[PDB]
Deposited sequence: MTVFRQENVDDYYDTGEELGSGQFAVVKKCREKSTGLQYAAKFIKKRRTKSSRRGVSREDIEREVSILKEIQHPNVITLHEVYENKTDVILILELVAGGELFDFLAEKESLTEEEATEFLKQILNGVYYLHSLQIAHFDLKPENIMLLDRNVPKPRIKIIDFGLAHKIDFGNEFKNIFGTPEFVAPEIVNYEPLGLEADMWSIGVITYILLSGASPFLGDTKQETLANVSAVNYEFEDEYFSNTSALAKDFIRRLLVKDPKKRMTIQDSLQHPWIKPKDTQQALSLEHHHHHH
């Protein structure tokens, strides 16, 4: 599918850079016609079929297709798409309070503070999973705060670059995210479903409560081996005053067999979360 090929600079002015990764850079921008503000994500295109640099058209179109489907307070929304010879430019909702990763760095949370974030994450993922969309890259860097200077910051899930529709219960694709957060089925290159996201939520929850990462080794291969072996424990130094119910919630997510792992619906009914 083709996107708007007018120069994006004809319609938007860019400002502060919000961040960049391997194949994308995100700039704050303002639409000339409305004065409304957005985040412009410039995704570098592949320039030959067999190249390893840039993002394939198929991968860009998948991200755009998924983004076009979603409208929920806890997920980013897509406003427009432009493209030129070098980039596809997604004009996305602006979330200006920064990464959950940075919020966590600057101050571990109480169980109340953790559940305040977690409930929003769970609500966003419930929406996604209800539409059979697996995110496949859930982690604190991909959770953005609307306003970080309130006591209970609101969040939105971002970065749908690995997201897939799961119409057949699983995808068998060599999809692979950040070692610290990927489920064992990802590490083992097995068929993947919505369950992989629930593992990631377990990892996020562990980090929220402790400030420590459950499977992190000194190298990527160590982290991956730890994940596959479910090599983690609740260190007393970190978890001594954490409730047994909170640990129960995590324990039922960090389960190797995806069929035995809590689903998103299970997580919302779990006694630690259920109102």
Walk along the deposited sequence from position 1 and note every stretch that has no C-alpha coordinates.
1, 109, 278-293
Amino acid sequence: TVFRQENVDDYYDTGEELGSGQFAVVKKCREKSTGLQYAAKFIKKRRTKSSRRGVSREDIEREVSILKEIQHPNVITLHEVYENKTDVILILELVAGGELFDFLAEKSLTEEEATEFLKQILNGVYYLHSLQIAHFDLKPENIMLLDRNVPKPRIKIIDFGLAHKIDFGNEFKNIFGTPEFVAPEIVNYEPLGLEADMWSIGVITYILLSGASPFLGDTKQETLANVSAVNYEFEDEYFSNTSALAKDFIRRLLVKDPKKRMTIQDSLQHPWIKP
From here on, numbers count along this sequence of modelled residues.
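If you superpose the two forms and keep the largest set of C-alpha atoms that fall within 1.5 Å, you have the rigid core.
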Comparing C-alpha positions in 8 other deposited structures of this protein against this form, with the rigid core used for the fit, which stretch differs more, 77-85 or 108-116?
108-116
Return whichever of 13-21 or 257-265 has the larger RMS Cα deviation from the displayed form in 8 other deposited structures of this protein, where every structure is aligned on the rigid core.
13-21
Using only the Cα atoms and their B-factors as the entry lists them, report which of 148-156 and 76-84 averages higher.
148-156
Per the PDB entry, mean CA B-factor is higher for 251-259 or 15-23, namely for 15-23
From the entry's CA B-factor values, the highest among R62, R52, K45, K41 is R52
Tell me which of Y126, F136, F181, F103 tops the list for C-alpha B factor in the record.
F103
Here the Cα B-factor of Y206, set against its chain, lands in the third termed lowest
Among the chain's modelled residues, which third holds the C-alpha B-factor of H270?
lowest
With respect to C-alpha B-factor, does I70 fall in the lowest, middle or highest third of the chain as deposited?
highest
Based on the entry's values, in what third of the chain does the Cα temperature factor of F239 lie: lowest, middle or highest?
highest
Divide the modelled residues of the chain into thirds by Cα B-factor and specify which third, lowest, middle or highest, holds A163.
lowest
